[PDB]
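Okay, structure first, notes after.
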Ligand SMILES: [K+]
Ligand SMILES: [K+]
Ligand SMILES: [K+]
Ligand SMILES: [K+]
Ligand SMILES: [K+]
Ligand SMILES: [K+]
Ligand SMILES: [K+]
Ligand SMILES: [K+]
Ligand SMILES: [Mg+2]
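As structure tokens, this is what we get:
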């Protein structure tokens, strides 16, 4: 039986339990239970947790305990974060919980919390290199810069969307002076770290938790479909926010009812983080504290390049013929480099990387069926949980694979928020030809030279002199592909041989 | 690297190559090449194969050879059938074939051909009992009775759709006298076996190859949706055929152009087989000679109940938690037996078995994602190649799994030729409840008693007295399921506890 374990996050807004089993190097989620306990809402001005909040929390823990019956304590990790760190009657809550759930609650430090969030990012997110990770919680904010599974700068500050609500927006009143007071308070807590962080720098800035997730959802709902948080987009958010007089009137697109009461103080802190660190683009990370517990503390997953780790896992799960993947990769890369030289304005290194991963993974669907494999592979790639690829990157890979066989219908293409069609359409063409030219698998006869010439979507592939006199089946398959391209307006595939 | 091999069938109508690898007890096709060589059309009245037909065959073999470059001879099995048995210059074709493909062609006897067709049926088809297997080819017809991977009676007769075309439909003329002569000629060839076969008997009659496939496709196109071939439906086929004067003029719904010129002689043989053996119902098998070569001669797959063999393969490929399947099976079965005793008219043992297999396989999609698992499992079950399940049975299993979580939309139900909605809808209700009551996996608390009362689609589940005092999470999930049933017209789920 595969190893199973549970990560339990007793946070400021929700109590959240995840149960997973480890199979072939993949973290397979097998259960998830969450309730919006709103524990942070129960902290009064003296940091005493109300009876009402403790009662909601204990009721949630009793449900978790029912689901964890029989689990070894070695397979359960329950962490309490800033709300339980901050509550002066935290011992009372733990006393009650001991009678309800038979696993100890580990109240972790802000340093430990920041490290766990970073580790969840490192185990799951696409971007490699130095990264800035921001998490604005209910009563604490964590900021980390690190790389290669190693935090370098680790900071936590006592500010969050709930604790700033009453302090700076008493009675839930929204005006520019309340907002600016909250925003300047956040900058002041970041004063002593701001330049240290800017000087370390980062390849990407990533955010986690409700406040940042809410900001991303409001922007997307307001038409900014890519979801990146930028200073200009924050300015628009603040302007729409300040058109409301109270939390009760808040009617922003994409703002959930759960987030209405904390969106203004959260947005103030987010603006202060941007002012302090001069962030230009912040992207929401879907991996955070719970993934740090699962991947690092419990699963002990390998510290290696995440996309490669995920690809190795998929090769085991899906019996990937590695020699087939490799010969397709070599052919596709040889043509890609010629296409790139001839079309430097279309060349995109991030898209080129995804084309190569799509080559590695294009046969994952072969265990379902040879018939329609391109669809079955795309189904797996689109719907799986793949560390190292966000949803757009997954959708792009799945799209390249989906289109690598049979009739090409460009009207069925997904809409991408970032990727431009002019830049990934030639990648479909390259994948189709690279797979085709290796479709005899280990029987493939690899041409010693292969020249690609492009004029818009008219492509000429030239093979050695007299090549096809020995490779009639390749030519039949290429002639079929020519008919497929003939079916795409403006496309044309020409096949040629070198002169003697 | 997994075991890999090629099965090559040099038949009367087409030359067909299949290449497959064996992974986790699954036959995974990875290559297929076929050409309609029409080798039997080159046999003259003296059974001499024309050089023109030989050249069509040599061209095809040269393409197969290109795809087989480097294959070990032990990994390639090429079989020749009646056309090469009957040809007086078969040795000439074999000598020429040495120039274009470096693997020997084994010309097999009619009895070995019959046994391989039977073994292909045994390894792939859902019907488990003693079976009659009929294969009407271009110049030979095979008839086998056997069970449990063991032929009991094996026979081949020199009659086929191509050989009977010239002999009884000279010039391609269609009239009742030509047809009757061919039909009686078929009966005459069967006189020496008919009594012996009748005495052995059969649970089911299965047919394979083009003639029988064409008959089924014409019946379906004419409105006989289940595609089963009966004496009454054959009489309709003859009456329609005899309204046409020649092969060129012949036009029937569902008859392809490739089959138009051999449909009348093939149908006459089929009618003669139905007469000689008193067949009342014949179903088309999609497994035959090539599957016998692949599954028996090359793969050497286990002689066991095919559905169980397939399920054990899927359990390995898809990491099925067997204890979870077991507890869901026990719960679903306890409720199924109560529903059956209360609805004996709706009870159906075939559908009941498909429910139990759906239980065993409902988590095959969990490796793709916990999120949407019911859709992912259905995707795998619907699109895989599953020995022991025909297309309709596969779609029924996939449909049960697809509907076992989340909103219930009966208007998206697939239409089945055989299975009636009123009979499988309660199977959806049973699987949903059986999975739900075990959704805490090994932490499940199994009620000592569980009573199901059905009044049409108004179901009452009664749990032990005060049961939910310690199973609050089960009650929450049942209350959600009650909301799901509220969304289906005339459905209602009631939850109760026994009196003290
Ligand atoms: K339980
Ligand atoms: K936080
Ligand atoms: K602080
Ligand atoms: K930035
Ligand atoms: K080759
Ligand atoms: K070769
Ligand atoms: K019968
Ligand atoms: K239990
Ligand atoms: Mg991902």
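Chains as they are written, first to last, in the working numbering: chain A, 393 to 892; chain B, 393 to 892.
Where is the CB? At the ideal position from N, CA and C, for every residue including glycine.
Ranked by Cα distance from residue 476(B), the first of 469(B), 452(B) and 440(B) is 440(B). CA-to-CA, the gap between residue 617(B) and residue 820(B) works out to about 25 Å. In chain order, 401 and 426 place their CB closer than 6 Å to the CB of residue 408(B), counting only its own chain and leaving out the 5 sequence neighbours on each side. Short of 7 Å from the beta carbon of residue 764(B), and not among the five residues preceding or following it, lies no beta carbon of its own chain. Taking 9 Å as the cut-off, the Cβ atoms of residue 674(A) and residue 591(A) do not count as close. The C-alpha of residue 644(B) lies about 47 Å from the C-alpha of residue 734(B).
In the structure shown, residue 469(A) adopts extended strand secondary structure according to DSSP, grouped into three states. The Cβ of residue 768(A) sits closer than 9 Å to at least one Cβ of chain B. According to DSSP, residue pairing for residue 851(A) in a beta bridge involves 846(A) and 885(A). Straight-line spacing of the CA atoms in residue 478(A) and residue 508(A) works out to 18 Å. Closer than 8 Å to some heavy atom of ligand 4: that does not describe the Cβ of residue 587(A). Bridge pairing for residue 768(B): absent [DSSP]. Between residue 824(B) and residue 796(B), the CB-CB gap stays under 9 Å. Here the C-alpha atom of residue 695(B) lies approximately 13 Å from the C-alpha atom of residue 780(B). Residue 865(A) and residue 455(B) have their C-alpha atoms spaced approximately 6 Å apart.
Apart from the 5 residues on each side of it in sequence, residue 759(B) sits with its Cβ closer than 7 Å to the Cβ of 710 and 711 in its chain, given in chain order.
Shown in chain order are the members of the region 743 to 777 of chain A whose Cβ falls below 7 Å from a Cβ of chain B: 758, 759, 760, 761, 762, 764, 768, 771, 772, 775, 776 and 777. Just measuring C-alpha positions, the residue of 548(B), 689(B), 530(B) and 678(B) sitting nearest residue 608(B) is 678(B). If you ignore the 5 residues before and after residue 690(A), its C-beta comes within less than 7 Å of the C-beta of 397, 399 and 469, all in its own chain and listed in chain order. Annotated three-state conformation of residue 421(B) is strand, per DSSP. Residue 538(A) is not a Cβ neighbour of residue 549(A), given a cutoff of 9 Å. Per DSSP, the unbroken beta strand (DSSP E) holding residue 543(B) starts and ends at 542 to 549.
The residues 728, in chain order, have a CB closer than 7 Å to that of residue 744(A) in the same chain once the five nearest residues on each side in sequence are set aside. The beta strand (DSSP E) runs lying completely inside the region 461 to 518 of chain B and spanning 3 residues or more are 468 to 472 and 497 to 499, given in chain order. For chain B, the residues of the region 707 to 722 of chain A that bring a beta carbon within less than 7 Å of one of its beta carbons are 709 and 711, in chain order.
By the rule that beta-carbons nearer than 9 Å mark a contact, residue 834(B) touches chain A. Within 8 Å of the C-beta of residue 597(A) there is at least one heavy atom belonging to ligand 4. If you compare the alpha carbons of 818(A), 464(A), 545(A) and 752(A) with that of residue 589(A), the shortest gap goes to 545(A). Neighbourhood of residue 513(B) in chain A, by CB distance below 7 Å: empty, with the nearest CB roughly 21 Å away. Counting only the Cα atoms, residue 497(B) lies some 43 Å from residue 742(B). Taking a C-beta cut-off of 9 Å against chain A, the contacting residues of the region 855 to 885 of chain B are 862, 863, 864, 865, 866 and 868, listed in chain order.
Residue pairing of residue 539(B) in beta bridges, as defined by DSSP: 542(B). Excluding the 5 residues flanking it on each side, residue 663(A) has same chain C-beta neighbours closer than 7 Å at 575, 626 and 630, in chain order. Neighbours of residue 459(B) in chain A, taken as residues at a C-beta separation under 7 Å, are given in chain order as 832, 835 and 865. Bounds of any beta strand (DSSP E) do not take in residue 685(A), whose DSSP letter is neither H nor E. Spanning the alpha carbons of residue 818(B) and residue 750(B) requires a straight line of approximately 14 Å.
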